[PDB]
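Here's the structure, in structure tokens; my notes come after.
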Amino acid sequence: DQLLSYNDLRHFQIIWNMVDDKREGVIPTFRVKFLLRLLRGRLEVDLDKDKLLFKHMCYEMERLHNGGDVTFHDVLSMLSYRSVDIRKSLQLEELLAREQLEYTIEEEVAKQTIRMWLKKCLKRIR
Amino acid sequence: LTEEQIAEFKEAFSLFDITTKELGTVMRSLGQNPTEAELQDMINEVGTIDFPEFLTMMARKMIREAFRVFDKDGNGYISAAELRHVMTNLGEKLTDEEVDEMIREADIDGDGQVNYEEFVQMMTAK
Amino acid sequence: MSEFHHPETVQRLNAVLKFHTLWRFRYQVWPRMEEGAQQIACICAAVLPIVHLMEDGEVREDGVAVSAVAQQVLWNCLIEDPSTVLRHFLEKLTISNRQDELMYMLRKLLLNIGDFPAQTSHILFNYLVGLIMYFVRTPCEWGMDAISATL
Amino acid sequence: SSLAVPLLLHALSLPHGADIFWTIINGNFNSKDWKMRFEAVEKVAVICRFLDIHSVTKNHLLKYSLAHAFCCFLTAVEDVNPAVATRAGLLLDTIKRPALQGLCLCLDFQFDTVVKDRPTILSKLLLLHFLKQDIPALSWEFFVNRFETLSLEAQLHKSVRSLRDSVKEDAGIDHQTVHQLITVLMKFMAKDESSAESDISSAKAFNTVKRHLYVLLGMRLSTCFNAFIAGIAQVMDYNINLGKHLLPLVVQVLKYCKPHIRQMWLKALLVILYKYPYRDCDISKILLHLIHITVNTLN
Amino acid sequence: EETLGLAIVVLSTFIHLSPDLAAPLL
Amino acid sequence: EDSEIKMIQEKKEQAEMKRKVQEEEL
């Protein structure tokens, strides 16, 4: 339950084979955000009630390539990080780089939320 | 919704216009290839499908304390030149006329340390 | 500016001990005034004569002093907190013309005593960083004067 | 300048010359234009850095003129224009240490002879210790020479002008100058370590400082005791080796023969035992009397 | 006066940090 | 944050210096 077993890994490769149908190995620009919308089962995450982690994962998916493509060896390692408790099961260089990335990406999503709120004030006033 | 989203999901939803099983074909012409569970999760938030309800489901799929991201000394106020030069300059399209309209709806006090609480209060005056 | 330009030392010593006694009670008075009457400058006017009296001296032999006692009462004036001699003091630091002699006195005071704790120096350096935070808040176009005044 | 300096030192070794040089440095240094102050501090720096030690020790008013030049040089460190202040501070660095020792010896001679100018000189000397501390601006031989000079100024019962424009008798006043020297002494031992026991030199000097610090400070209407309590707390806070070395003589003289000085008194007895192995016999017993004094001098 | 109160405060800390300095068995 | 990589860099750096002084002293 703390780590992804073979049933959850099998569910991830079924949903990867079902979302990538054109058989070359990549996910294109148009369909990177539509990948985690239908993950259910033992990794049940919905559109509501988990919005902060939703926007956090949504910003983690579009930071390492500056948009565009994500490959078959990046996203599963990041979910493998996110699906386990990282406080006592991680080492010092990786934990320190992980908490620095977590702090700077939390600061960046705070900037993004206050920026879209400023946009919302622009459209509300005018 | 924005007119980009209105026109986009208009031309997405006017191709297979109600019914139930056409939702997957509209979304398949739109890019995703969902499951039956994802379908029933969309229909379990509210088969009959209309144009603004489809718009809201797609948007769903994708305050005062906010300014404390942009405040550091904790006095409850933020300098007017600093708040202006990070509001209109740090990225997206905030032109000089409409940010002059923002400064005149935000710095009616004019002290030099804009009271963002006063700003938000006038914002919801309606 | 006249009872401290009053050239008798010990009357100014009485006045600054009165200043220290009112300096001891600067926190009691948030509910001590009349309830309802809360709803329905002393620093900058005294630090100059404090360093003026530091400069002045007299041969006090009857168990009294001039520079030494003034040194000790300025210490006790700031033995509480470096920020309580800054938060009630940074409000009155906007006049550049005056600020030149102000920072000049502030140089001469630690030039006079020279031996001081190191926690207050590190926290003053931290409050200089706070001044730079204020600079981030109020960039203007200036800088050479501020960095000379600091350096 | 290297050619000009022994000729000018030959000129100032004669009568009528020191007055002209006095008026020259007065009109150059006290000017209302800051460029004259600028040029005066550079020129007095160039005279100071081309001087010798034993070549000056025969003429009186040569030493007086060089002392006034040096004290105006030290006075320009705190001038109101920042450029002259930073220039005097950085140009004080570029002086060879024998010339600064000779200048300090001339200033100590002028402190020894002239009477009415002892307020200012100590302030200048404190600035000297604050800026150029590698040269012994203050040392224990300096204090024993001033101890014998205040003894000759105290236990015994001119024509030159006053250098106060350079900046601008047996009971109290000489004793107040002694007290002022005690305050400078407490500042000295608080500031530096001054290990007189690390060398075999200055053992008799430091020993003479403690002996006569016992004798002339040991008569409860003086200004020395409260300043000694005001100083020894920072002494014990900053120094440890000489602090432990001098502690028992501090407690021998505490009551050998008052609100805020009681506050510093209890601060003193607070820092007597914070890191210090005091533990002896016939001395710790008086701490029992001390808590008796917690019900004696309060009662 | 708060001076005497702070005197008992510092005698209090004086004995709190180390009992051997003041009245170990006295 | 980045005070870890500099330690391993100076470790291999002082390894190169001790290799160099070992190759030239003998």
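Ligands are numbered from 1 in the order shown, residues from 1 within each chain, and chains are lettered A, B, ... in the order they appear in the structure tokens.
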Review point. What's the 9 Å shell around residue 76 (chain B), counting only C-alpha atoms, without same-chain residues fewer than 2 positions away, as number ranges by chain?
Key: B: 67-68, 71, 73-74, 78, 113-117
Using only C-alpha atoms, which residues of chain A come within 12 Å of chain F, and what is the closest atom pair for each, with the distance in Å to one decimal? Give it as JSON lines, sorted by chain and residue number.
```
{"residue": "A:92", "atom": "CA", "partner": "F:4", "partner_atom": "CA", "distance": 9.5}
{"residue": "A:93", "atom": "CA", "partner": "F:4", "partner_atom": "CA", "distance": 7.2}
{"residue": "A:94", "atom": "CA", "partner": "F:1", "partner_atom": "CA", "distance": 10.6}
{"residue": "A:95", "atom": "CA", "partner": "F:1", "partner_atom": "CA", "distance": 10.3}
{"residue": "A:96", "atom": "CA", "partner": "F:1", "partner_atom": "CA", "distance": 6.5}
{"residue": "A:97", "atom": "CA", "partner": "F:1", "partner_atom": "CA", "distance": 6.8}
{"residue": "A:98", "atom": "CA", "partner": "F:1", "partner_atom": "CA", "distance": 10.0}
{"residue": "A:99", "atom": "CA", "partner": "F:1", "partner_atom": "CA", "distance": 9.2}
{"residue": "A:100", "atom": "CA", "partner": "F:1", "partner_atom": "CA", "distance": 7.0}
{"residue": "A:101", "atom": "CA", "partner": "F:1", "partner_atom": "CA", "distance": 10.1}
{"residue": "A:103", "atom": "CA", "partner": "F:1", "partner_atom": "CA", "distance": 11.6}
{"residue": "A:104", "atom": "CA", "partner": "F:1", "partner_atom": "CA", "distance": 11.9}
```
Tell me which protein, DNA and RNA residues are within 12 Å of residue 126 (chain B), counting only C-alpha atoms, leaving out same-chain ones fewer than 5 positions away, and put them as an mmCIF file with N, CA, C and O atoms, in the first residue's frame.
```cif
data_model
loop_
_atom_site.group_PDB
_atom_site.id
_atom_site.type_symbol
_atom_site.label_atom_id
_atom_site.label_comp_id
_atom_site.auth_asym_id
_atom_site.auth_seq_id
_atom_site.Cartn_x
_atom_site.Cartn_y
_atom_site.Cartn_z
ATOM 1 N N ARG A 124 -12.647 40.757 -13.715
ATOM 2 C CA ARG A 124 -13.757 41.164 -12.856
ATOM 3 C C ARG A 124 -14.013 42.664 -12.891
ATOM 4 O O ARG A 124 -15.171 43.093 -12.959
ATOM 5 N N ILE A 125 -12.955 43.476 -12.802
ATOM 6 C CA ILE A 125 -13.127 44.929 -12.858
ATOM 7 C C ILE A 125 -13.595 45.369 -14.242
ATOM 8 O O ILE A 125 -14.683 45.936 -14.398
ATOM 9 N N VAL B 120 -9.351 44.701 -1.863
ATOM 10 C CA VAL B 120 -10.274 43.566 -1.989
ATOM 11 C C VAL B 120 -11.692 43.970 -1.563
ATOM 12 O O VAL B 120 -12.673 43.431 -2.090
ATOM 13 N N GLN B 121 -11.822 44.820 -0.519
ATOM 14 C CA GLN B 121 -13.150 45.249 -0.067
ATOM 15 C C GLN B 121 -13.882 46.011 -1.173
ATOM 16 O O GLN B 121 -15.089 45.819 -1.364
#
```
**Study point:** Those of region 14-110 of chain B in DSSP alpha helix (DSSP H), formatted as an MDAnalysis selection string
**Key:** chainID B and resid 22:30 36:43 51:61 80:87 96:106
Review point. Which neighbours of region 143-154 of chain D fall inside 7 Å, counting only C-alpha atoms, when residues of the same chain fewer than 4 positions from it are skipped, and could you give them as an MDAnalysis selection string?
Key: chainID D and resid 112 139 170 174 205 208:209
Point to revise | Selected residue, from A:56, A:120, A:111, A:11, that lies nearest to chain B when counting only C-alpha atoms | key: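 The closest residue to chain B is A:111.
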Practice item. Show me which bits of chain A are within 9 Å of chain B, counting only C-alpha atoms, as a PyMOL selection string. Key: chain A and resi 18-19+30-31+33-35+37-40+46-48+107+110-111+113-115+117-119+121-122+124-126
Exercise for review: Enter the distance from CA of residue 109 (chain D) to CA of residue 59 (chain D), in Å, rounded to one decimal.
Suggested key: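 Answer for the CA of residue 109 (chain D) to CA of residue 59 (chain D) separation: 11.7 Å.
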Exercise for review: Fewer than 6 positions away in the same chain doesn't count, so skip those; otherwise give me all residues within 10 Å of residue 60 (chain A), counting only C-alpha atoms, as a list in words.
Suggested key: residues 54, 75, 78, 101, 102, 105 and 109 of chain A
Put those residues in a file: N, CA, C and O atoms, as a PDB file, in the first residue's frame.
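Output file result_24.pdb follows:
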```pdb
ATOM      1  N   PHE A  54      -3.366  18.359  -6.786  1.00  0.00           N
ATOM      2  CA  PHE A  54      -3.680  18.367  -8.213  1.00  0.00           C
ATOM      3  C   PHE A  54      -2.899  19.460  -8.934  1.00  0.00           C
ATOM      4  O   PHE A  54      -2.240  19.197  -9.947  1.00  0.00           O
ATOM      5  N   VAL A  75       8.040  10.302 -15.728  1.00  0.00           N
ATOM      6  CA  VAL A  75       6.786  10.507 -15.006  1.00  0.00           C
ATOM      7  C   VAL A  75       6.551   9.417 -13.955  1.00  0.00           C
ATOM      8  O   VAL A  75       6.040   9.702 -12.860  1.00  0.00           O
ATOM      9  N   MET A  78       8.605  10.167 -10.895  1.00  0.00           N
ATOM     10  CA  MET A  78       8.055  11.274 -10.117  1.00  0.00           C
ATOM     11  C   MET A  78       6.829  10.834  -9.323  1.00  0.00           C
ATOM     12  O   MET A  78       6.688  11.187  -8.146  1.00  0.00           O
ATOM     13  N   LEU A 101      13.554  21.544  -4.215  1.00  0.00           N
ATOM     14  CA  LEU A 101      12.607  21.556  -5.329  1.00  0.00           C
ATOM     15  C   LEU A 101      11.172  21.723  -4.841  1.00  0.00           C
ATOM     16  O   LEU A 101      10.388  22.443  -5.464  1.00  0.00           O
ATOM     17  N   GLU A 102      10.814  21.067  -3.729  1.00  0.00           N
ATOM     18  CA  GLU A 102       9.466  21.176  -3.176  1.00  0.00           C
ATOM     19  C   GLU A 102       9.172  22.594  -2.702  1.00  0.00           C
ATOM     20  O   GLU A 102       8.085  23.123  -2.959  1.00  0.00           O
ATOM     21  N   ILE A 105       9.042  24.930  -5.915  1.00  0.00           N
ATOM     22  CA  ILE A 105       7.843  24.682  -6.705  1.00  0.00           C
ATOM     23  C   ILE A 105       6.583  25.090  -5.933  1.00  0.00           C
ATOM     24  O   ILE A 105       5.613  25.558  -6.540  1.00  0.00           O
ATOM     25  N   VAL A 109       4.064  27.775  -7.468  1.00  0.00           N
ATOM     26  CA  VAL A 109       2.618  27.613  -7.615  1.00  0.00           C
ATOM     27  C   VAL A 109       1.886  28.686  -6.818  1.00  0.00           C
ATOM     28  O   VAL A 109       0.762  29.054  -7.173  1.00  0.00           O
TER      29      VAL A 109
END
```
Exercise for review: Skip residue 60 (chain C) itself and residues of its chain fewer than 2 positions away, then list as an MDAnalysis selection string all residues within 9 Å of it, counting only C-alpha atoms.
Suggested key: (chainID C and resid 57:58 62:66) or (chainID D and resid 172:173 176 223)
At a cut-off of 10 Å, can you tabulate as JSON lines every residue of chain C near chain D together with its closest atom pair and the distance in Å to one decimal, using only C-alpha atoms and ordering rows by chain then number?
```
{"residue": "C:55", "atom": "CA", "partner": "D:123", "partner_atom": "CA", "distance": 9.8}
{"residue": "C:56", "atom": "CA", "partner": "D:119", "partner_atom": "CA", "distance": 9.9}
{"residue": "C:57", "atom": "CA", "partner": "D:119", "partner_atom": "CA", "distance": 8.1}
{"residue": "C:58", "atom": "CA", "partner": "D:119", "partner_atom": "CA", "distance": 9.4}
{"residue": "C:59", "atom": "CA", "partner": "D:173", "partner_atom": "CA", "distance": 6.2}
{"residue": "C:60", "atom": "CA", "partner": "D:176", "partner_atom": "CA", "distance": 7.3}
{"residue": "C:61", "atom": "CA", "partner": "D:172", "partner_atom": "CA", "distance": 5.5}
{"residue": "C:62", "atom": "CA", "partner": "D:221", "partner_atom": "CA", "distance": 6.1}
{"residue": "C:63", "atom": "CA", "partner": "D:223", "partner_atom": "CA", "distance": 4.4}
{"residue": "C:64", "atom": "CA", "partner": "D:223", "partner_atom": "CA", "distance": 6.1}
{"residue": "C:65", "atom": "CA", "partner": "D:223", "partner_atom": "CA", "distance": 7.0}
{"residue": "C:67", "atom": "CA", "partner": "D:180", "partner_atom": "CA", "distance": 9.9}
{"residue": "C:68", "atom": "CA", "partner": "D:227", "partner_atom": "CA", "distance": 7.4}
{"residue": "C:69", "atom": "CA", "partner": "D:227", "partner_atom": "CA", "distance": 8.6}
{"residue": "C:72", "atom": "CA", "partner": "D:230", "partner_atom": "CA", "distance": 7.9}
{"residue": "C:73", "atom": "CA", "partner": "D:260", "partner_atom": "CA", "distance": 9.8}
{"residue": "C:100", "atom": "CA", "partner": "D:80", "partner_atom": "CA", "distance": 8.9}
{"residue": "C:101", "atom": "CA", "partner": "D:80", "partner_atom": "CA", "distance": 7.8}
{"residue": "C:104", "atom": "CA", "partner": "D:80", "partner_atom": "CA", "distance": 7.4}
{"residue": "C:105", "atom": "CA", "partner": "D:80", "partner_atom": "CA", "distance": 10.0}
{"residue": "C:107", "atom": "CA", "partner": "D:78", "partner_atom": "CA", "distance": 8.7}
{"residue": "C:108", "atom": "CA", "partner": "D:78", "partner_atom": "CA", "distance": 7.5}
{"residue": "C:111", "atom": "CA", "partner": "D:127", "partner_atom": "CA", "distance": 7.3}
{"residue": "C:112", "atom": "CA", "partner": "D:127", "partner_atom": "CA", "distance": 7.8}
{"residue": "C:113", "atom": "CA", "partner": "D:187", "partner_atom": "CA", "distance": 8.1}
{"residue": "C:114", "atom": "CA", "partner": "D:130", "partner_atom": "CA", "distance": 7.2}
{"residue": "C:115", "atom": "CA", "partner": "D:191", "partner_atom": "CA", "distance": 6.4}
{"residue": "C:116", "atom": "CA", "partner": "D:234", "partner_atom": "CA", "distance": 8.5}
{"residue": "C:117", "atom": "CA", "partner": "D:238", "partner_atom": "CA", "distance": 8.9}
{"residue": "C:148", "atom": "CA", "partner": "D:82", "partner_atom": "CA", "distance": 9.0}
{"residue": "C:149", "atom": "CA", "partner": "D:82", "partner_atom": "CA", "distance": 9.3}
```
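Our summary of the geometry notes that CA of residue 88 (chain A) is positioned 14.0 Å from CA of residue 3 (chain A).
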Review point. To one decimal place, how far is CA of residue 8 (chain D) from CA of residue 91 (chain D) in Å?
Key: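 Answer for the CA of residue 8 (chain D) to CA of residue 91 (chain D) separation: 21.3 Å.
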**Study point:** Residue contacts of residue 10 (chain E) (10 Å, only C-alpha atoms) excluding same-chain residues fewer than 5 positions away, as an NGL selection string
**Key:** (:D and (266-267 or 270)) or (:E and (4-5 or 15-16))
Prev. selection, N, CA, C and O atoms, output as a short mmCIF file (atom, residue, chain, number, x, y, z; two decimals), in the first residue's frame:
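As a result, result_0.cif now contains:
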```cif
data_model
loop_
_atom_site.label_atom_id
_atom_site.label_comp_id
_atom_site.auth_asym_id
_atom_site.auth_seq_id
_atom_site.Cartn_x
_atom_site.Cartn_y
_atom_site.Cartn_z
N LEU D 266 25.58 44.09 41.94
CA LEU D 266 25.06 42.73 41.84
C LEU D 266 25.36 42.13 40.47
O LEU D 266 25.54 40.91 40.37
N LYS D 267 25.49 42.96 39.43
CA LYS D 267 25.98 42.45 38.15
C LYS D 267 27.43 41.99 38.24
O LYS D 267 27.81 40.97 37.64
N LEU D 270 27.51 38.84 39.94
CA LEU D 270 26.84 37.84 39.08
C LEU D 270 27.91 37.23 38.18
O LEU D 270 27.86 36.01 37.95
N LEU E 4 15.82 44.78 42.81
CA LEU E 4 15.93 43.71 43.80
C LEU E 4 15.25 42.43 43.32
O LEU E 4 15.72 41.32 43.60
N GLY E 5 14.14 42.58 42.57
CA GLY E 5 13.51 41.41 41.97
C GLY E 5 14.39 40.72 40.96
O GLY E 5 14.50 39.49 40.96
N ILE E 15 21.64 29.56 41.19
CA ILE E 15 21.54 28.31 41.92
C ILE E 15 20.90 27.22 41.04
O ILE E 15 21.25 26.04 41.16
N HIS E 16 20.01 27.62 40.11
CA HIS E 16 19.36 26.69 39.19
C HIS E 16 20.36 25.99 38.27
O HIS E 16 20.28 24.77 38.07
#
```
